[PDB]
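Undergrad: Just dropping in an experimental structure and the matching sequence.
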Amino acid sequence: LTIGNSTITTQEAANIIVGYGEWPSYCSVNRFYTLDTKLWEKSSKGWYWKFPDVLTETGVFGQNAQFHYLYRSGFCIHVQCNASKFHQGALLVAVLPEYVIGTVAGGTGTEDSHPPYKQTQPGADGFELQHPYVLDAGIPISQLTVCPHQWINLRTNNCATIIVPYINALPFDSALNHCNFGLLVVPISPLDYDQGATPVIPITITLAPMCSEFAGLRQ
Amino acid sequence: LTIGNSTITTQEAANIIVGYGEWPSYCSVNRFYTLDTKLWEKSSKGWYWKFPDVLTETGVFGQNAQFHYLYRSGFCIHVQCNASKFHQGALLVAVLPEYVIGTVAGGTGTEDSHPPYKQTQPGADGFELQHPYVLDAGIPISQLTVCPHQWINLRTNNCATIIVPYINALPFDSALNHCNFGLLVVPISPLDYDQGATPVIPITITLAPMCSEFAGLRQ
Amino acid sequence: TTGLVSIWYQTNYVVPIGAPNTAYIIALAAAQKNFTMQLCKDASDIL
Amino acid sequence: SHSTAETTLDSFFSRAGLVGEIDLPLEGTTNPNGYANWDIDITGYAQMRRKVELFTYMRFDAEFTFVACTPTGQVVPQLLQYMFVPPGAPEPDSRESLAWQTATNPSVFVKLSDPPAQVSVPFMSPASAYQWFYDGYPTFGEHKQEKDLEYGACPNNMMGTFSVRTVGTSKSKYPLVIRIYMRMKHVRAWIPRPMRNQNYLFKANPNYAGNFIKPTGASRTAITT
C-alpha cells in the first residue's frame, strides 16, 4: 500500500467512537488518504472543507474518484493533532450534513447575481471563515454539538475518529451532482504558549472510503 | 457493457478452434475491444500489428492498459471478414511469437544508426508491408503455417478465432517492457470481382483480454 | 438531462453486383414492465 | 524409426566444427602485443547460425578445445593460457595486466606438447533460456537516448569471453597458430520459428538488403517437366 517509499508512522491508540451505534450499510478499500498539513496559529479562526468535490484531488483513489459517479462505502475519518506536553489549546471537530455554504452579500445594495465561481472554488487547500461565529452562513456556532462531533483537548488527547454512513436527499443518490457533507474545525479557546517555543501546531486528517462507481449513459 | 448506445450486431456461429488443446493459465473481463475497419483492395499486400503497445489505445480497458504494467489473462481473438456470396478472395491470419520487426537498410552504404522513432511508431492504424514476401524481415512467407494460424476463404467461412496463452522470454514477465507478439494478415490469392460491384471488403478484429496489473515502485 | 443514442458506421457497406445499391431502415419501440406514470396532467393541443 | 538415436535433436546438434580462428604470429601487426581475444560469435558462421533460428527459445551447453601448431605443423616446447571471462569480470588490457593473476577468473596451465586438452562451460545465462532475438532495446538500462557503455554487451544475452596469452618474462621464440573447436552436450528447444532463408547482410543483425533473390528458380514453367 506504499507509493514507492510512503510508509508513514501512524498511531495505534486511537480513541474509538461510534456514530449512533450504527455501522454503515451495503449497496443502497485499504488506501489511507493523506492531506497537506494545516498550521494552527494564535489568531487563526478555523477552517472548513467540502466533500466530495474537493476530496477528488488528494486521495490516490480520490483522484480517480473525479470520474466515478456513485459511491458505496463506509467512512472512517481520522483527525490527528500532534503537540507537545506543555502546549495549550482546544479544537472542535464536527460534521454538518447538508452544509450549505453561506455567501456574503455586502455593499450598499443588498443583491447579488448567481454565486461567482471564485467563491465556489476555494481550491484543494481549504478556506478560512470570515466571521466564524456564524460559520459564514448565519448559523450560530453555539449549536454545533447537536450534530455528531468530538472534543479535542491538548491536555487530554491527540487524535479523534468519526464514522458516518451515507445520508442523501434522495433514495437514489448522486455524489458528483449533490453535495453530501463537510467538516468543520474551529478553535474555542485560543492557543497559548511560552515565548520562544514552537508557534505552529500541525493538523492532519485521514479518511478511508471503500469504493465508488463509474455509471455512464449514452444516447 | 454498452458505452451509451454501443450494441453492435455480432455473429453467433463462430468456428471454434483451440490452440494446442491447452486453455490459458492462472496468475503466473467482459469488454470486447473494437478496432477501426480495414479496407481490402485488389492491389493490397497485407498488414501487420504489434501488441501490446499499439493495443493500449483502441480498447476501453486498453486505454487504461497504457498505465498497467503486468498482464494476467486469456486471449480470445476474433477476426471477422464479411463479404457477399459472389465475391472472390482469400486471407491468411496467423500469430508470430517474438515477431521482431525487420528494419530496411537501403542506400549506397549498408549501415544505419539506432532505429528511428518514425519506423518504431506506425500509429494505432497499422502499417503496410513494403515487400510482403519476406514480411519486411527477410523471413519467407511460405513458412508461416508452422505457427498457429487459420485459413479464411470467402467461399468457405466469414470469421475465425485464435486462442493463445502468455509466452514470454522470462518466467517473470513485463508487458510494457518486452514486446510479446503480433498478428499477420496477408492475401494469398488477389481478390477479384465483377465490374461495378463493391470494391471494398471490410475487415474487423476483436479480442477480449481479462485483466492487467498496475505494479509500481518507489525509491 | 436527457440521454442520447446514435448510429455509426463500424465498417463500409458492401453489396454484391446485380443488387440494389441502397436500402431503407425502420425501427420499433415499446415500454418495459417496470415503466409507469405517477400524476395526471391537463395537456391538450388540438383542437 | 526404431533406431531413432541418430535422428534426435541431440544428434541434429551433435557435431564439433570450426568456431574460432585466432592467429598469434611471432612478429606482425595483427597482434603486436603478444596476446589476443575472442568473443563467442555463433551467429558469425551462417552454417551453424541458420540452425538456431529454427527455434526461438533454446538451451545449450558447450565444450571447448585448443590446438597449437606452426605454419608447417611442427610442435615446439612452450605453454599457452586459456581463461573464461564472465560478463562481470574485466577483460585484459595489456600483456602485463593484473587480470592474468586474478584468482576468481578460472585459468589452466597447459603444455601444448600434450595432445590437445578440452574444457567445458555449463549454463551461464542468468535467464532460463537463451533468446537469439530480443524484441526491444539492446541495452537493459533506464536510458534510451545515449550511447551507453553497456551497449552490445548486455547481461541478459552475453555468454562469456576468452583470452589467450603466453606466460613468461622470457620472450617467446616460436610463431603460433591457434584453432578453436566447440560442441554441445545438452540441447533443448521449445517453440519453432520459421527458417531464415534469404541472404544475410550483417554479421549479427537480421537486417537485409534491397536486392531480392529467390531461393530457387530452376523450374521454368508449370507445363515444362
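TA: Perfect, thanks for sending it. Numbers count the residues shown, from 1 in each chain, chains lettered A, B, ... in the order given.

Undergrad: so how far is residue B:73 from the most centrally placed residue in chain A?
TA: The central residue of chain A, meaning the one whose C-alpha is nearest the mean C-alpha position (CA atoms, centre = their mean), is residue A:183 at 3.3 Å. According to CB to CB, to the nearest Å, residue A:183 and residue B:73 sit 42 Å apart. C-beta: built from backbone N, CA, C; applies to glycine.

Undergrad: Could you look up the SS state of residue D:59?
TA: Following DSSP: H, G, I helix; E, B strand; the rest coil, the label given to residue D:59 is strand.

Undergrad: Bridge partners for it, pull those for me.
TA: Listed by DSSP bridges, the beta-bridge partners for residue D:59 are residue D:188.

Undergrad: wait, isn't it in contact with residue D:185?
TA: No. With contact defined as CB atoms under 8 Å, residue D:59 does not reach residue D:185; the gap is 11.3 Å.

Undergrad: Name all residues that make contact with the residue nearest to the centre of chain A.
TA: Contacts for residue A:183 were tallied using CB atoms under 8 Å, 6 or more residues apart in numbering or on different chains; they are A:48-49, A:51, A:77, A:93-95, A:205.

Undergrad: repeat that for 10 Å
TA: Remark: with contacts taken as CB atoms under 10 Å, 6 or more residues apart in numbering or on different chains, residue A:183 is in contact with A:47-51, A:77, A:79, A:93-96, A:99, A:126, A:162, A:205, A:207.

Undergrad: Looking at these, which is nearest residue D:219?
TA: Lowest distance from residue D:219 to those (CB to CB) belongs to residue A:207, with 79.0 Å.

Undergrad: how many other residues sit next to residue 12?
TA: Here I'm looking at chain A. Residue neighbour count, defined by other CB atoms under 10 Å in any protein chain shown, stands at 4 for residue A:12.

Undergrad: you looked at the wrong chain, it should be chain D
TA: Here the neighbour count serves as a burial measure; for residue D:12 (other CB under 10 Å) it reads 12.

Undergrad: Can you name the residue of chain D nearest chain A?
TA: Chain A sits closest to residue D:142 of chain D, with a gap of 15.3 Å, by CB to the nearest CB.

Undergrad: for chain C, same thing?
TA: Among the residues of chain C, residue C:4 lies closest to chain A, at 1.5 Å counting by CB to the nearest CB.

Undergrad: quick one: residue C:44 from chain D, how far?
TA: Separation of residue C:44 from chain D (CB to the nearest CB, to the nearest Å): 72 Å.

Undergrad: who's in contact with residue 41?
TA: Unless you meant another one, I'm taking chain A. A:187, A:190-191, A:199-201.

Undergrad: switch to chain D, that's the one I care about
TA: For residue D:41, the contacting residues are D:19-20, D:49, D:203-204, by CB under 10 Å, 6+ apart.

Undergrad: Compute the number of surrounding residues for the residue of chain D closest to chain A.
TA: For residue D:142, which is what you asked about, the neighbour count (other CB under 10 Å) is 6.

Undergrad: what residue lies at the spatial centre of chain D?
TA: Relative to the mean C-alpha position of chain D, the nearest C-alpha, by CA atoms, centre = their mean, is the one of residue D:40, at 2.6 Å.

Undergrad: and the closest residue to that one other than its chain neighbours, what is it in contact with?
TA: Setting aside the residues directly before and after it, residue D:40 is nearest to residue D:159 in space (CB to CB, 6 or more residues apart in numbering or on different chains), at 5.7 Å. Taking CB under 10 Å, 6+ apart as the definition of contact, the neighbours of residue D:159 are D:39-40, D:42, D:60, D:62, D:86-87, D:121, D:123-125, D:130.

Undergrad: From those residues, keep the buried residues only.
TA: Neighbour-count burial (16 or more other CB atoms under 10 Å in any protein chain shown) is assigned, among the contacts of residue D:159, to D:40, D:42, D:60, D:62, D:87, D:121, D:125, D:130.

Undergrad: Phi, psi for the fourth one please.
TA: In this case it means residue D:62. Dihedral angles of residue D:62 (phi, psi; degrees, to the nearest 10) stand at phi -160, psi 160.

Undergrad: how much space between it and residue D:129?
TA: For residue D:62, the distance to residue D:129 equals 15 Å [CB to CB].

Undergrad: Can you give me the buried ones in stretch D:48-60?
TA: If you call a residue buried by 16+ other CB under 10 Å, then stretch D:48-60 has these buried ones: D:48-49, D:52-53, D:55-60.

Undergrad: burial measure for the nearest residue to residue D:51 once chain neighbours are set aside, as a count.
TA: Once flanking residues are discounted, residue D:51 sits nearest to residue D:13: 7.3 Å by CB to CB, 6+ apart. Close neighbours of residue D:13, defined as other CB under 10 Å, add up to 19.

Undergrad: Would you check that residue D:13 makes contact with residue D:42?
TA: No. The pair residue D:13 and residue D:42 does not pass the contact test of CB atoms under 10 Å, sitting 11.6 Å apart.

Undergrad: Overlap in contacts, the two.
TA: D:48, D:51-52, D:60.

Undergrad: Out of those, which sit inside helices?
TA: By the criterion of DSSP state H, membership of those in helices covers D:48, D:51-52.

Undergrad: Let me know the closest of those to chain C.
TA: Lowest distance from chain C to those (CB to the nearest CB) belongs to residue D:52, with 42.8 Å.

Undergrad: And the strands in chain D?
TA: Defined through DSSP state E, the strands belonging to chain D, from first to last, are D:17-24, D:35-39, D:57-60, D:62-69, D:79-85, D:107-111, D:118-121, D:130-131, D:161-165, D:176-183, D:187-189.

Undergrad: From the contact counts, what lies against the last one?
TA: In terms of contact count using 3 or more CB pairs under 10 Å, 6 or more residues apart in numbering or on different chains; DSSP states H and E, strand D:187-189 is assigned the packing partners helix D:9-12, strand D:57-60.

Undergrad: Which one of those lies nearest to residue B:108?
TA: Scanning the helices and strands packed on strand D:187-189 with CB to CB as the criterion, the closest one proves to be strand D:57-60, at 37.0 Å.

Undergrad: neighbouring contacts of that closest one?
TA: Counting by CB under 10 Å, 6+ apart, the neighbours of strand D:57-60 from elsewhere in the structure are B:97-98, B:167-169, D:9, D:13, D:42, D:51-52, D:123, D:125, D:127-132, D:159, D:184-193.

Undergrad: which of the residues you listed count as buried?
TA: Buried subset of those (neighbour count, 16+ other CB under 10 Å): B:97-98, B:168-169, D:13, D:42, D:52, D:125, D:129-132, D:159, D:184, D:187, D:189, D:193.

Undergrad: sorry, back to before: buried among the contacts of residue A:41? Make that a ChimeraX selection.
TA: Only the buried members of the contacts of residue A:41 end up in this ChimeraX selection, burial being decided by 16+ other CB under 10 Å:
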select /A:187,191,201
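
Undergrad: near chain B, which residues of chain A?
TA: Applying CB under 10 Å from any CB of the partner chain, one finds that chain A approaches chain B through A:2-7, A:216-219.

Undergrad: hang on, I meant chain C
TA: Counting by CB under 10 Å from any CB, chain C sits next to chain B at C:3-19, C:21.

Undergrad: Just the buried ones from those?
TA: Among those, those classed as buried by 16+ other CB under 10 Å are C:11, C:14.

Undergrad: Out of the residues of chain C next to chain B, which are close to chain D?
TA: Those of the residues of chain C next to chain B which are also neighbours of chain D - as judged by CB under 10 Å from any CB - do not exist.

Undergrad: And the furthest pair within the buried ones among the contacts of residue D:159?
TA: Across the buried ones among the contacts of residue D:159, no pair lies farther apart than D:60 and D:87, at 17.8 Å, counting by CB to CB.

Undergrad: what sits against residue A:62?
TA: Remark: with contacts taken as CB under 10 Å, 6+ apart, residue A:62 is in contact with A:31, A:33, A:35, A:51-52, A:54-56, A:68, A:207, A:209, A:212.

Undergrad: From those, which land in strands?
TA: Among the contacts of residue A:62, the residues falling in strands (DSSP E) are A:51, A:207, A:212.

Undergrad: these two touch, right, the last one and residue A:175?
TA: Yes. Distance between residue A:212 and residue A:175: 7.2 Å, which falls inside the contact criterion (CB under 10 Å).
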